[PDB]
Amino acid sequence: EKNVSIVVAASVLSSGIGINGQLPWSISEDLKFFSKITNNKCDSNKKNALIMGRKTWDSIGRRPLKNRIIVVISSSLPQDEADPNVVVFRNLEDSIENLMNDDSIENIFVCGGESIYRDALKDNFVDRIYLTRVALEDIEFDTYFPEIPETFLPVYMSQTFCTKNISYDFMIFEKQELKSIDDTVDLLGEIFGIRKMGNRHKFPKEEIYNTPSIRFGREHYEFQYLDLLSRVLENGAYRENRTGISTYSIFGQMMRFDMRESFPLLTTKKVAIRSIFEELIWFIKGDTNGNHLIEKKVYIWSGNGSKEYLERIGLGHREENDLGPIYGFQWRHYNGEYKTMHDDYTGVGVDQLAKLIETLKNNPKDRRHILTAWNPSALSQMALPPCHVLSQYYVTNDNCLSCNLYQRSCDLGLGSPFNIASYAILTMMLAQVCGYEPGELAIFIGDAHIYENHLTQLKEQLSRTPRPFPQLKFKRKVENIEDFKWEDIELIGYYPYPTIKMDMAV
């Protein structure tokens, strides 16, 4: 009685694994994974058995795999004994004889095709599933991996990797069949109430924890966003704010995201990537004219830039969509005397973005690559104070550009998915203009909150198991950072869950 594991690489949506007797992709690192996972043994005097169907045995050229015993399931192949590393059985059930005897076999791996996968699960022989989810769907398949039965639960989901602009994951499914420290902490939590800080940071209940079966393997960095939602639903204090919509709030949180092998665009909800870009280039160009976003069919700043909103906050003399000195005016003209959105500001103020770019390539190990938007002198003139307040950038020794952002207030339903993708794109733009590669993205949050009208929507999003992050590549190398256009951005392999509508609080 030893372990039996399925190893498979299937597409993210339809679970396709083959086409015309071969794989529908060529991912070198996935083969190395297959090699290392099937050679993984504990006894040096034992080998692992790899069960596969005849057509898969043809796919690998009918040649043995080093340090392993291949078991071919076939009704016609001669039960040859010349090759000791290849053995043939007439059916899958009889081939599980590696359990009954043959103590020289330690582990068993089911590597075969659709036929072998389908009746290995139907016969209930499989204990574990090693799934490699590949983000390729608009191609043709003729061989599929069967649907994983409900008796299996995911226990691990790796970060998103990239090969030839193809995103892929690594997951482990398992079939469902110290205490003195946990008790001591519980007892101290009964004595001290909220005086024990752990009781103010309670672990999220299972009913609000995304994919709860993955306990020790939440490597996918979309969990950095989904677990923050769970922590707010668990510990968020009901609080009123300047809008009529109250929130559940906590203070002091952070999220990490990789940008080397993926792009942190959420997959549990379809995110409007075009509106994010058009706002970011709007900041970079130094623009505060709210109409230029509306002319490009981007209405995210309509609520905070209406005549009724501006008159209520004390800016009745301001034009309709004149947002005042905000992001992109403190970026390019810091401390510049603001007039209107129509005046010419070329020359006035401190151009932080230009000095940032010049410093990134002239003194990379400098510890002052800082871009700020919090200007106490201009706060009164703003339609809304900056939420992403200050950001720092860092050049690694292997010529990668990382980014840190402090966010004073974070709408986790709407602003946060935008902020994650926006500062990811900005770091990639700065990386290309400065001749670096994208690094990491960290977001430090002050008031992380959830508006009460987003509760049903965000709980729906928590019911969706994440998919691998997409890729984002630029089609051309610009000379100045302002020259980026939406046509220059290619979003490769993005298969999100359906969009979720959420109303913004004005």
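The numbering used is simple: start at 1 and walk along the sequence shown. Think of the rigid core as the biggest set of C-alphas that the two forms share within 1.5 Å after superposition.
A.B. asks: Is 396-404 or 100-108 the stretch whose C-alphas end up farther from this model in 9 other deposited structures of this protein after a rigid core fit?
C.D. replies: Evaluated in 9 other deposited structures of this protein, the stretch farther from the shown form is 100-108.
A.B. asks: I'd like to know which segment deviates more from the shown structure in 9 other deposited structures of this protein: 91-99 or 200-208, using C-alpha RMS over all structures and residues after a core fit.
C.D. replies: Farther from the shown form on average in 9 other deposited structures of this protein: 91-99.
A.B. asks: Would you please confirm whether residue 177 lacks atomic coordinates in a third or more of the other entries that were compared?
C.D. replies: Other entries vs residue 177: at least a third skip it.
A.B. asks: How many missing residues of the deposited sequence lie between residue 177 and residue 178 in the entry, grouped as none, 1 to 3, 4 to 9, or 10 or more?
C.D. replies: Per the deposited record, the segment joining residue 177 and residue 178 lacks coordinates for 10 or more residues.
A.B. asks: State which stretch shows the higher mean Cα B factor in the entry: 473-481 or 442-450.
C.D. replies: Averaged over C-alpha atoms, the B-factors run higher in 473-481.
A.B. asks: Quick check on the record: does 137-145 or 341-349 carry the larger mean Cα temperature factor?
C.D. replies: For C-alpha atoms only, the mean B-factor is higher in 341-349.
A.B. asks: Would you mind checking which of 77, 405, 111, 360 has the top Cα temperature factor in the PDB entry?
C.D. replies: 77 has the highest C-alpha B-factor of those listed.
A.B. asks: Hey, out of 198, 364, 154, 244, whose CA B-factor is highest in the deposited coordinates?
C.D. replies: Among 198, 364, 154, 244, the PDB entry lists the largest C-alpha B-factor for 244.
A.B. asks: Residue 215's Cα B-factor: lowest, middle or highest third of the chain?
C.D. replies: Within its chain, residue 215 is a lowest-third residue by C-alpha B-factor, going by the deposited values.
A.B. asks: Ordered by C-alpha B-factor within the chain, which third holds residue 230? Give me lowest, middle or highest, please.
C.D. replies: Ranked within chain, residue 230 CA B lands in the middle tercile.
A.B. asks: Report the third (lowest, middle or highest) to which the CA temperature factor of residue 256 belongs, ranking only the modelled residues of the same chain.
C.D. replies: Its C-alpha B-factor, which the entry lists for residue 256, ranks in the lowest third among residues of this chain.
A.B. asks: Comparing against every modelled residue in the chain, figure out the third that the C-alpha B-factor of residue 333 lands in (lowest, middle or highest).
C.D. replies: Top third by C-alpha B-factor.
A.B. asks: Give the position of residue 299 by CA B-factor within its chain, expressed as the lowest, middle or highest third.
C.D. replies: Highest third.
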